[PDB]
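Residue numbers for the sequence shown follow mature numbering (1 follows the signal peptide of the UniProt record, and there is no 0), so the first one is 7 and each next one is one higher.
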Amino acid sequence: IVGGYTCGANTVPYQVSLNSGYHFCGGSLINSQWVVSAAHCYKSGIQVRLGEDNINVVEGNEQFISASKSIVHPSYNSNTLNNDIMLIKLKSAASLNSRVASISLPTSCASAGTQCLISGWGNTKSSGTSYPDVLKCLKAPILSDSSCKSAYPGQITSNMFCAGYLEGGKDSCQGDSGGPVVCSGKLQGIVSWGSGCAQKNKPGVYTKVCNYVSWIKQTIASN
Ligand SMILES: *[O-]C1=C(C2=[C][C]=[C][C]=[C]2)[C]=C(O[C])[C]=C1C1=[C]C2=[C]C(C([N])=[N+])=[C][C]=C2[N]1
Ligand SMILES: [Ca+2]
Ligand SMILES: [Cl-]
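Following this line, the structure appears as structure tokens:
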């Protein structure tokens, strides 16, 4: 997260870190045995880490659970990143409390102007790599579709939305991929891509979760 602030230990209880010997992506806990992340974060050997703040220190509240299976959306396209969403089932259920909790799925899509919270342990520099130890947060608005399409002409599908600041300076970045975009207490987006990080006129692009709620529900229901 570039231009963000320190969230504070466990203030974002649904945030998870996907780890394969190091943190490579974020994710959101939607129920005690399922996490939602981005399809481009897929790999084998994933350990889901819940209740984290400082990812390099065990401080208490952490639950490390291995992934039992990862379900990348069948229509995921790695070239366009359309349908960039993945579900991970946990080997055992997590213990939920106030430090580890699930986030609700939306009932409706959000509208431009809605203010959301984006979090993660991704890079904090737009020009260079600086990865933090603790979780960073950023409050950003969802942009209108015209502004999004005008910034990324021909690359935005109906399963994507832009959120951020056209003036540059504040944005999500690599290491944040797979994590949450929560608005009014509902998971509305998944950190997916962008051109560089925090560049002017190049907002972040997120997977539009409201378009996948029935898919998520049906898939969990059958696995
Ligand atoms: O997400 C990501 C990855 C990545 C690939 C495969 C597994 C995990 C992570 C790699 C990468 O370097 C090639 C860059 C990203 C990445 C860039 C970026 C930018 C923005 C933005 N500008 N808002 C958001 C998210 C990401 N992810
Ligand atoms: Ca820790
Ligand atoms: Cl277009």
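Just so it is clear, CB atoms sit at the ideal spot from N, CA and C, and this is done for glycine as well.
Do you know whose CA, among the options, lies nearest residue i's CA?
i    : options                : result
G210 : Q224, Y171, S190       : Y171
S117 : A73, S150, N89         : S150
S104 : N16, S198, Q194        : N16
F70  : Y48, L193, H29         : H29
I77  : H46, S98, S101         : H46
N85  : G195, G185, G160       : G160
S156 : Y48, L35, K208         : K208
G51  : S72, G185, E68, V64    : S72
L193 : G27, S23, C216         : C216
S132 : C154, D177, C13        : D177
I7   : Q224, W199, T120       : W199
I91  : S23, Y48, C13          : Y48
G27  : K75, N67, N62          : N62
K223 : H79, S153, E68         : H79
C115 : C13, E173, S23, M166   : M166
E68  : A100, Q121, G119, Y158 : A100
Hey, residue i and residue j: beta-carbon distance below 9 Å or not?
i           : j    : result
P147        : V219 : no
residue 275 : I226 : Here the chain covers residues 7 to 229 and nothing more, so residue 275 does not appear.
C168        : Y137 : no
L96         : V54  : yes
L123        : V188 : yes
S183        : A44  : yes
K145        : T130 : no
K214        : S164 : yes
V140        : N60  : yes
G134        : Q180 : no
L102        : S108 : yes
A204        : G185 : no
Quick one: does the C-beta of residue i sit closer than 8 Å to a heavy atom of ligand 3?
i           : result
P159        : yes
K214        : no
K155        : yes
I226        : no
residue 283 : Nothing in the structure corresponds to residue 283, since the chain is present only between 7 and 229.
Using 8 Å as the cut-off, classify the Cβ of residue i as near or not near the heavy atoms of ligand 1, replying yes or no.
i    : result
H79  : no
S198 : yes
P138 : no
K208 : yes
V211 : yes
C203 : yes
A44  : yes
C189 : no
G134 : no
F30  : yes
Could you tell me whether any non-hydrogen atom of ligand 2 is closer than 8 Å to the CB of residue i?
i         : result
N16       : no
residue 1 : Because the chain here runs from 7 to 229, residue 1 falls outside it and cannot be looked at.
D182      : no
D177      : no
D59       : yes
Assuming residue i and residue j make a contact with CB atoms under 8 Å, what is their CB distance in whole Å?
i    : j    : result
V197 : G57  : With 8 Å as the limit, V197 and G57 do not qualify as a contact, their Cβ atoms being about 20 Å apart.
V18  : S125 : 5 Å
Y20  : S34  : 5 Å
Taking 9 Å as the CB-CB cut-off, is residue i touching chain B?
i   : result
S74 : Any reference to chain B falls outside this structure, which holds one protein chain only.
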